[PDB]
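Line by line, the protein sequences give chains A, B, C and D. So the first sequence is residues 1 to 77, counted in my numbering. So the second sequence is residues 78 to 149, counted in my numbering. So the third sequence is residues 150 to 223, counted in my numbering. So the fourth sequence is residues 224 to 292, counted in my numbering. Taking it in order: structure first as structure tokens, then the write-up.
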Amino acid sequence: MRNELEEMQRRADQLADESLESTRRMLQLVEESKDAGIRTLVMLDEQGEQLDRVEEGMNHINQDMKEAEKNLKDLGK
Amino acid sequence: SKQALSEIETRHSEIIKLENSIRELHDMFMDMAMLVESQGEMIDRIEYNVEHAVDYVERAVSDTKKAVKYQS
Amino acid sequence: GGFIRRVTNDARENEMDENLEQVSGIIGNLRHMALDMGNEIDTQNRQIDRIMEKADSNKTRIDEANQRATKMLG
Amino acid sequence: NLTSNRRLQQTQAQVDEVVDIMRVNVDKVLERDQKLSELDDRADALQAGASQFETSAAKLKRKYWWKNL
Ligand SMILES: [Sr+2]
Ligand SMILES: [Sr+2]
Ligand SMILES: [Sr+2]
Ligand SMILES: [Sr+2]
Ligand SMILES: [Sr+2]
Numbered sequence: 001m002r003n004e005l006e007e008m009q010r011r012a013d014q015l016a017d018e019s020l021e022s023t024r025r026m027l028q029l030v031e032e033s034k035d036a037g038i039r040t041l042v043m044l045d046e047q048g049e050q051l052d053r054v055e056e057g058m059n060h061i062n063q064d065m066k067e068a069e070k071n072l073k074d075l076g077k
Numbered sequence: 078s079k080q081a082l083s084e085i086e087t088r089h090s091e092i093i094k095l096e097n098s099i100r101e102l103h104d105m106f107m108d109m110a111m112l113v114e115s116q117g118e119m120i121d122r123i124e125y126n127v128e129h130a131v132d133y134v135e136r137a138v139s140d141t142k143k144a145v146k147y148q149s
Numbered sequence: 150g151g152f153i154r155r156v157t158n159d160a161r162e163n164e165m166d167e168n169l170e171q172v173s174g175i176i177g178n179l180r181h182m183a184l185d186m187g188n189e190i191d192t193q194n195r196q197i198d199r200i201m202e203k204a205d206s207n208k209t210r211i212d213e214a215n216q217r218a219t220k221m222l223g
Numbered sequence: 224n225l226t227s228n229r230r231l232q233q234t235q236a237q238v239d240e241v242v243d244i245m246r247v248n249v250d251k252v253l254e255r256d257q258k259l260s261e262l263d264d265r266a267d268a269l270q271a272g273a274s275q276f277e278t279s280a281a282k283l284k285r286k287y288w289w290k291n292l
């Protein structure tokens, strides 16, 4: 029977090792994710700025097209 | 009385269960990252097409203007 | 703090907690990053829609101004 | 011992939460991918359209430039 309480020692020791390993992997796994996340927010930020420039250029066109529409009109006298 | 093994086995189950989740979550972040990075490619394409369009409209205006002026 | 059931209070399981201490915190960050990520997506998605509306108005006016301009040519 | 895997169970629950938030974010980013695509198109058509007006405008200017000699 001692030979059973002996397996339980090793078995429990082995499980701990694995558990330890599991936490060690969670660490980088979650570290990688944090980097991907920042990178995303960052990318999302600058892309957001690109959109702003896009919208503004859309407002530019809308205004400018006013002189264009006027100029055209002034051409048909 | 090594019920202690029972606990260790339970804790272990809990810990790997968490690692699996942290796994879904980890990939989840990798996907978003690659998704918006990819979308950036679609946004700057939109950026240049609009920059161009603005240039063309501006030009169009001053040409239509010079047209009107050349009428006299 | 204690994230786990302690059995053999050995340093090997003392490292599990240290590790889980960090993971827990980094998850917090991950939650907020996710939340911010989501809102930026929304806000932008709406803007994009707006941006898109202006895009039409403009193309329409452009094409129409184009029509005129084209007739005045021939 | 007087210690348990309680926080571990909490951590495990928030992780799964963030997982949920991120699943929703995914749907949103895809809704964004869809929209960006349409803007890509509407921006592409816009360029084409303005490109044409630029042309009309140019010729238009050349007409009256020489009409005036
Ligand atoms: Sr750090
Ligand atoms: Sr913004
Ligand atoms: Sr995947
Ligand atoms: Sr094109
Ligand atoms: Sr052209």
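For every residue, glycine included, the Cβ atom is placed at its ideal position computed from N, Cα and C.
Problem - Where the alpha helix (DSSP H) containing D/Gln270 begins and where it ends - result: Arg229 to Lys290
Practice task
Return no unless some Cβ of chain B is closer than 8 angstroms to the Cβ of C/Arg199.
Solution key: no
Exercise for the section: Anything in chain A within Cβ reach of B/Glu96, meaning under 9 angstroms, just list it in chain order. Expected result: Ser22, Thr23, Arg25, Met26 and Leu29
Practice task
Would you kindly check if the distance between the Cβ of A/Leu51 and the Cβ of C/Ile197 is under 8 angstroms?
Solution key: yes
Problem - Of the listed residues D/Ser227, D/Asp264 and D/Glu254, nearest to C/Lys208 (C-alpha basis) - result: D/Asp264
Handout entry: Contact under 8 angstroms by Cβ, B/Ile99 with C/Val156
Key = no
Problem - Rounded C-alpha distance that separates C/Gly223 from D/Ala281 - result: 14 angstroms
Problem - Per-residue contacts from C/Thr219 into chain D (C-beta, under 7 angstroms) - result: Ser279
Problem - Near-chain D residues of the region 107–123 of chain B - C-beta to any C-beta below 9 angstroms - result: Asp108, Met109, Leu112, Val113, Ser115, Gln116, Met119, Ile120, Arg122 and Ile123
Practice task
List the whole-angstrom C-beta distance separating B/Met119 from D/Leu253, where the pair is believed to meet the contact cut-off of C-beta under 8 angstroms.
Solution key: Going by Cβ atoms, the distance from B/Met119 to D/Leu253 rounds to 13 angstroms, so no, they are not a contact pair.
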